[PDB]
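Asks: give me a model of this one.
(4 chains)
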Amino acid sequence: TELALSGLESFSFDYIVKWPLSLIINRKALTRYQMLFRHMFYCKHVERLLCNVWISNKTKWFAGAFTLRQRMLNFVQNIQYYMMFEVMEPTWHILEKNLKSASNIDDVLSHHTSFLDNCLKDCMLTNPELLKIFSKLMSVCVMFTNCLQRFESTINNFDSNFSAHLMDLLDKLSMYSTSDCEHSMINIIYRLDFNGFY
Amino acid sequence: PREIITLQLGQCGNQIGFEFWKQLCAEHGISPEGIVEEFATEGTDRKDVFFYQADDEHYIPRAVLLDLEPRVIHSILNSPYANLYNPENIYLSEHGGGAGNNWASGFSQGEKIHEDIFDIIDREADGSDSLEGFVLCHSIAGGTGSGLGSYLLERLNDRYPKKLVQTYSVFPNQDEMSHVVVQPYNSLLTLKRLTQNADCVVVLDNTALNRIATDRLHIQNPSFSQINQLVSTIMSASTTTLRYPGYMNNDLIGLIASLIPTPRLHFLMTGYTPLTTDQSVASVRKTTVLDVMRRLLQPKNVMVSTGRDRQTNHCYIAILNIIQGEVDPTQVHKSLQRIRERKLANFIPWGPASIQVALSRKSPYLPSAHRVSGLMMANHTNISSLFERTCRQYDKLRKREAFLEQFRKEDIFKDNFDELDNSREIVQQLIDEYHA
Amino acid sequence: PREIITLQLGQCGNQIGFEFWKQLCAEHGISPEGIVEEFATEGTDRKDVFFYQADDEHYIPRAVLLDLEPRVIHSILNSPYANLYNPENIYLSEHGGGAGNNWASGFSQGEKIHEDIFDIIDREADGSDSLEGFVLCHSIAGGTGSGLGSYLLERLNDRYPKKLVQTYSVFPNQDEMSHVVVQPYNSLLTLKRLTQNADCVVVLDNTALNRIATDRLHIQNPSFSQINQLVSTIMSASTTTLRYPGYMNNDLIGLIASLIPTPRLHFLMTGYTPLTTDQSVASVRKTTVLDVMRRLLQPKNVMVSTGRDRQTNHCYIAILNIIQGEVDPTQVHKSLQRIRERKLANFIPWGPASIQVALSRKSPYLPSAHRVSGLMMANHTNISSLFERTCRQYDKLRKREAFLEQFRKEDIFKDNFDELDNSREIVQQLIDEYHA
Amino acid sequence: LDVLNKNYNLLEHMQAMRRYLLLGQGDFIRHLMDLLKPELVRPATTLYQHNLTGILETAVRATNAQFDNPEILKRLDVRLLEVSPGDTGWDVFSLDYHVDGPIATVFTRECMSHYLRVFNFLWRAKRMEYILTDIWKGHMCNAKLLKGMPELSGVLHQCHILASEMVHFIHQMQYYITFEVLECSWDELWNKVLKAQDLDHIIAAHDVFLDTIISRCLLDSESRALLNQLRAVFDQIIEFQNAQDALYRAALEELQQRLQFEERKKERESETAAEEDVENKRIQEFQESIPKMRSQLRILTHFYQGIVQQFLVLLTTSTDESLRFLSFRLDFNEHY
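Replies: Residues are numbered from 1 along each chain as shown, chains lettered A, B, ... in the order given. Take a look at the structure below.
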């Protein structure tokens, strides 16, 4: 909505569509699509470089350096499967109700735009301070590539830095527990109580 | 892009990779000599990830097969699936080998055919400018697959340092020791190379094969013709995110990265339930996903001989549960809901655990688009029971004066036996230390 | 206009040029003895660029074929494609030669038939008042194609100084050295003439042929009848801008000018993927151009035996990617979009690089107007590995006292062996110096 | 659409003009431009017209055996300007598509007047492609004949590298800017004319076609930053050429007197201090003319380095049209 990106790139995709198909997939709807593509590409952009660093390391202080990375990788592999799965089940639910109901066109237009507002609110989850910890997560990626170019005090600086986002993860988990018991927050509790029994 | 070169090697490694390529044509909708079905591109969205990319819509396999015994390759060319293989990539007609049964035979034959063994297998490397890695589809049983396979784990570590190494290696059989007696020697020599000269392995026990081969398969005389049926399905099952279009961990460096805790701890437990053809008549009533992963953590489909009373002091760290084909994904989060209530996996007390579930659509085929399939890639710390089984059979044999004079005549001058013993105990001690 | 005279010479150079002319009639829609189809002028807009121009709509080939062995030409006249050839342009019936197997045989036979060898091949030169150049379709293997071919690289350099010289020369096989042993001597003597007495070459390795001949072609006994199938297609593929109507680099001095960095650095790597006939059943679903050039830079289709771990310190300078026939040119800039993101070609740090892509419509034929074809003309600085392979096999043979007394009896009085060794090392040193 | 196809084929003349003024086919114009060059090197005279029509008719016969059947050669002629005879002669020659009757209904005075402007840049693009073909053959011509001198072996070697930097940068730029504008406009007009059903939509698709392409080729009121740099590389490519054969010729004639003086050494024995003094004079003229070619090369590559840097910034400033596509392409050429 009125927010900005979480990196350096102004890159996004926009779909080109004309009449009378522009009546149902709006140009306002493309802007709602333009916010979710920036979020999902960026955490995928993280997953690529982090995985490459892990494979390079694969190919004690070094056992503990592998211990922080595998803990942080398994944290970010689980949360992004949750975002992939719990987007996807509103996707099959939004597919089925266009098959169940469809008798008017402004209805299935407003059916679709109310779905993007659910996807936008799930990606507006990183509004107050979470976009700062994803950038603080990214600054310890590039601090770990600054020692990829260097091959221990550097490793315990990473243990201090990888315990820094851990205490901020519980801060974001504490921010996940605060509203008036709405459904998207109840959605983000059971997914993160999934992250609690581990 | 994501091209992997399979290194099929040995008497058993060539036969388990022969039907692995034969499994791939039945699911891609292609024939080994032609293209008669149009189901290859509309149904399957990606085919050039294990095959070589096409020149005439003929997907060449990216495979090499070397063995000292010519018997395994003479049972290939009369089969109609050998015309898909090329007679110029590996060998032409009438290829041979040694005499030959020794671990020191193939270990000494690697540096006398050193010019030819690094010439024709490197021609497939520069076909793609971004190589994925190398999988050594070799064997531990015998001296053929264990003798020469230990050499390529060393010289491909520095000539190709930025490539993934991970093997689907089969473990030998420990029932009696009459036909072979050199089994504790050649196994531990390769097992040292599998931990420090190799990143990951996929263990496949032989004593656990006939536990399953008489479980539901109902045979009376165990033959070698059944060893290729359990192995070739789970090989193609492991690349369903990689061959078929998936999203997350769709590479081989995606799956192995999310399961290995540390180097020298990479031995992954495998599980695969559906192997019966008369289950097909009752899967028409919407058999769900809520019952297929309750039996994966239950020790019934496992292919690892381990202790039954040793799981209380051992803890799971990483467990993979792969569903394939029809999943009904509106209840796949419902299946993962029931995991925390049972706590069938013991969790590590020092750090978090992870139950990763993933899906990919299967082949457009009637036995594949109807029956649910579950592939397990576990990682449990009770795997030292096999390492305690192999080490207790190793030090007992050296006190009986067995193969100490019959083994050190060729290319062995110093005692490298305790070099394998301490490094095996380093693995066994760091496993129990890993849960603090 | 743009008439090129092909110089087919030797035991192997005559057979690879025999099916090269036989390939041209099937794509021009013409018969070697008549014109039965009208597809020759409406479908093909230019035919008189390799053939001689017509007198009765009979497009004579502008070809000459000399060899010491009469066996290669006696397997020609019984074939029904020899009536297109003329029995007065080269030889009449019962032509012969030497005995004969020596590099010094054809090197000494050039100045005793000096009057006749410069008489009938010059009659085709003044047919067109603007001659393109000469291509020496000769061989390096044996003493027949290497002995006489080194003579014409000298006397045609000054008698025709303003003409392009560039050859499609085949490299010999280095597997064993039993049948031939004179292979390091006759190869390096011609290789010196290929750099200073010749502008450009097109290398064609023999050990890389059976790497492809068993890759997708599935043969058991490698015969000589397969060596003409990989060679004749890429010869006609290289002139698709020249034979068929193109716009840019539609001449042979157009293509070679945009790839050569400097003299004595002209060895071009060749690649060609589609060689399989069962790919045809799945190209009906609009197989695109976005996937055909991702595998060209990937070292799979290469015809050059080179090192796999030597590409990190070597850099591409010029790479050609030729698409033919159906291209769908609204996504050909989309295929070149994806090149910079992978950086599969290492770029030179001193200057710019270039990925040149071009297209031309193919023959009006069903296997040609349906399946995508990709021809690669690379130029990578790892080509010194072949020059290190040939030089290490050259100095090792001179220390074994091999062919030093058996080779200097005829027309050799001084040691010209280090004259070839230093000039080969001049090529090998200026290649690594070229990236500063 | 019946009247379009039964006589005076208008859609076919839309395609036939692209092979000549847009230069869609090369085997026509190259077999022209080979023969056309020995007339263009001299300045134009009053007899300039009568022979080029014979150069035209021979060259359209050498490339065709079936193009006699349509009516295209009668509807194409030659176009010369009123420029005084004290010019180079290269800029006078141009081909134009002639119209007489109902073909002149779809083709007004405003159509071919802009086709003269799209021809002159594209003729100069092929002019730069063919005169540099001559100097590339001139690289391989003189180098084979001077072998025998150890000084001049490495002297041409670095000259061939710094010439190749200008060869490869012109090639990946000039081949790509014309083929792309060929791509976006051929697939815009030719597919639209058979799906719209009119006369006025044939021309409405056409009269938006022929001014999209030239605005992407050369001419716009905001494109003054385009041609100022494309002509700054057009005169630098002449300055690099004429200085080469001003120094290659001085390199080659001086070696011809050395070889014939060697032939006089064996004949004086079959049939000496001043003979050594003339050789030392040869070596001194070999000595002078090597920094003569060096010093001109150091001036030339400093100009080319100033051209390649000024070509980037002065292409990236106009008023928010498809220049983001144009600025995408030149950084891709110099780096990859």
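Asks: mind listing the helices in chain A by residue range?
Replies: A:27-58, A:61-100, A:105-123, A:130-145, A:153-162, A:164-176, A:183-194 (DSSP state H).
Asks: buried residues in the second one?
Replies: The reference is to helix A:61-100. Neighbour-count burial for helix A:61-100 flags A:64-70, A:72-83, A:85-86, A:88, A:94 (criterion: 16 or more other C-beta atoms under 10 Å in any protein chain shown). Quick note: C-beta positions are derived from backbone N, CA and C, even for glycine.
Asks: list the contacts of residue 51.
Replies: Looking at chain A here, since you left the chain open. A:73, B:253-254, B:257 (C-beta atoms under 8 Å, 6 or more residues apart in numbering or on different chains).
Asks: try chain D instead
Replies: With C-beta under 8 Å, 6+ apart, residue D:51 has these contacts: residue D:39.
Asks: so is it in a helix, a strand, or just coil?
Replies: Three-state call for residue D:51 (DSSP: H, G, I helix; E, B strand; the rest coil): helix.
Asks: what about the closest residue to chain B within the stretch 1-150 of chain D, how many neighbours?
Replies: Taking C-beta to the nearest C-beta, chain B has its nearest neighbour within the stretch 1-150 of chain D at residue D:26, 29.4 Å off. Neighbour count of residue D:26, defined by other C-beta atoms under 10 Å in any protein chain shown: 21.
Asks: again with residue B:239
Replies: Residue B:239 - counted by other C-beta under 10 Å - has 18 other residues nearby.
Asks: got JSON lines for the helices of chain A, with distance to residue C:366 too?
Replies: Formatted as JSON lines, these follow (distance: least, C-beta to C-beta, whole Å):
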{"stretch": "helix A:27-58", "distance to residue C:366": "43"}
{"stretch": "helix A:61-100", "distance to residue C:366": "42"}
{"stretch": "helix A:105-123", "distance to residue C:366": "46"}
{"stretch": "helix A:130-145", "distance to residue C:366": "53"}
{"stretch": "helix A:153-162", "distance to residue C:366": "62"}
{"stretch": "helix A:164-176", "distance to residue C:366": "62"}
{"stretch": "helix A:183-194", "distance to residue C:366": "56"}
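Asks: quick one: which of the ones you listed is nearest residue D:167?
Replies: Among those, helix A:27-58 comes nearest to residue D:167, with 37.6 Å by C-beta to C-beta.
Asks: quick check: residues of the stretch 101-250 of chain D near chain C?
Replies: D:129, D:133, D:136-137, D:140-141, D:143-145, D:147, D:157, D:160-161, D:164-165, D:167-169, D:171-172, D:175, D:179-180, D:183, D:187 (C-beta under 8 Å from any C-beta of the partner chain).
Asks: of these, which belong to helices?
Replies: In this view, those that belong to helices under DSSP H are D:129, D:133, D:136-137, D:140-141, D:143-145, D:157, D:160-161, D:164-165, D:167-169, D:171-172, D:175, D:179-180, D:183, D:187.
Asks: what is the nearest of the contacts of residue A:51 to chain C?
Replies: Nearest to chain C, judged by C-beta to the nearest C-beta, of the contacts of residue A:51 is residue B:253 at 16.3 Å.
Asks: was I right about that closest one contacting residue A:57?
Replies: No: look at residue B:253 against residue A:57 with C-beta atoms under 8 Å: they stay out of range, at 12.0 Å.
Asks: follow-up on the earlier one: and the two most separated of the contacts of residue A:51?
Replies: Across the contacts of residue A:51, no pair lies farther apart than A:73 and B:253, at 12.3 Å, counting by C-beta to C-beta.
Asks: any of the residues of the stretch 101-250 of chain D next to chain C buried? List them.
Replies: Taking 16+ other C-beta under 10 Å as the criterion, what is buried in these is D:129, D:133, D:136-137, D:140-141, D:143-144, D:160, D:164-165, D:167-169, D:171-172, D:175, D:179-180.
Asks: any chance of the contacts of residue A:51 in JSON lines, plus secondary structure and distance to chain C?
Replies: Listed next are these as JSON lines, based on DSSP: H, G, I helix; E, B strand; the rest coil; distance: C-beta to the nearest C-beta, whole Å:
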{"residue": "A:73", "secondary structure": "helix", "distance to chain C": "24"}
{"residue": "B:253", "secondary structure": "helix", "distance to chain C": "16"}
{"residue": "B:254", "secondary structure": "helix", "distance to chain C": "18"}
{"residue": "B:257", "secondary structure": "helix", "distance to chain C": "21"}
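Asks: what about the closest residue to chain C within the stretch 251-400 of chain B, is that helix, strand or coil?
Replies: Among all residues of the stretch 251-400 of chain B, residue B:364 sits closest to chain C, at 13.9 Å; criterion: C-beta to the nearest C-beta. For residue B:364, the secondary structure call by three-state DSSP comes out as coil.
Asks: list the contacts for it?
Replies: B:29, B:39, B:43-44.
Asks: counting neighbours, which of the residues you listed comes out on top?
Replies: When neighbours are counted by other C-beta under 10 Å, residue B:29 leads the contacts of residue B:364 with 21 neighbours.
Asks: ok, how many other residues are close to the residue of chain A found nearest chain D?
Replies: Nearest residue of chain A to chain D, counting by C-beta to the nearest C-beta: residue A:10, 12.5 Å away. For residue A:10, the neighbour count with other C-beta under 10 Å is 7.
Asks: now swap in residue B:206 and tell me
Replies: By other C-beta under 10 Å, neighbour count at residue B:206 equals 18.
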